[PDB]
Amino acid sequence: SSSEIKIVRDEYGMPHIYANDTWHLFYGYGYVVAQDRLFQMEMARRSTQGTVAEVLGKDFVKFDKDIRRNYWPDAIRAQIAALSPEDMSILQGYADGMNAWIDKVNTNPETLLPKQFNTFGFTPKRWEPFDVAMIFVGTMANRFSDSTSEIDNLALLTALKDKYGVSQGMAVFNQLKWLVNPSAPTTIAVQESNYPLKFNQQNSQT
């Protein structure tokens, strides 16, 4: 049956989904996630979109503002709209699966609603592909692949150059924040290959 989703949990409660097509597979995935981590996922949703204050209050306003200033939702929505039907099915299915469980939770909250929702004073709503995507986008990307301190670095260099003079200053910056260090232990051994690009270490852009 193309419309059948089998969910089997092992001795540790770990779910295994069995389904024929893409939409149903990830529907089953979202369903079990909603069963297992609904509050965690709801709050992760809020963390990645900057809507925590909506439920937690004023102490999270600055948090919210920072999240929203760090991304462009429309651009994410546009990448989603450009998805092939097959790829779209991953997110739509996942979103839908969560919604199926969430609808049951909101129907019989006296038995299915995770206690944290009662405690924090609100109820869970439905998810869309955007929501699912932002879980990944807001964590893995906006946070684990978004590291820079170039403005601070320029301030350090500027102070080094003021303290030690220009040539010396540049030299000391390359001693404290070297671009590359050849003695660095690397995952790929020098016998295998080396990186061919050479970079400017003089801040020649000024």
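For every residue, the number given is its place in the sequence shown, counted from 1.
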Taking the deposited Cα B-factors and averaging over 126-134 and over 104-112, the higher mean is found in 104-112
Look over 138-146 and 33-41 in the entry and identify the one with the greater average Cα temperature factor. 138-146
Using only modelled residues of the chain, where does the Cα B factor of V55 rank: lowest third, middle third or highest third? middle
Would you please rank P15 by its C-alpha temperature factor against the other modelled residues of its chain and give the third it falls in: lowest, middle or highest? middle
In terms of the chain's CA B-factor thirds, is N70 lowest, middle or highest? middle
Quick check on the deposited entry: does the C-alpha B-factor of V190 sit in the lowest, middle or highest third of its chain? middle
Please rank the C-alpha B-factors of the chain's modelled residues and tell me whether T158 sits in the lowest, middle or highest third. middle
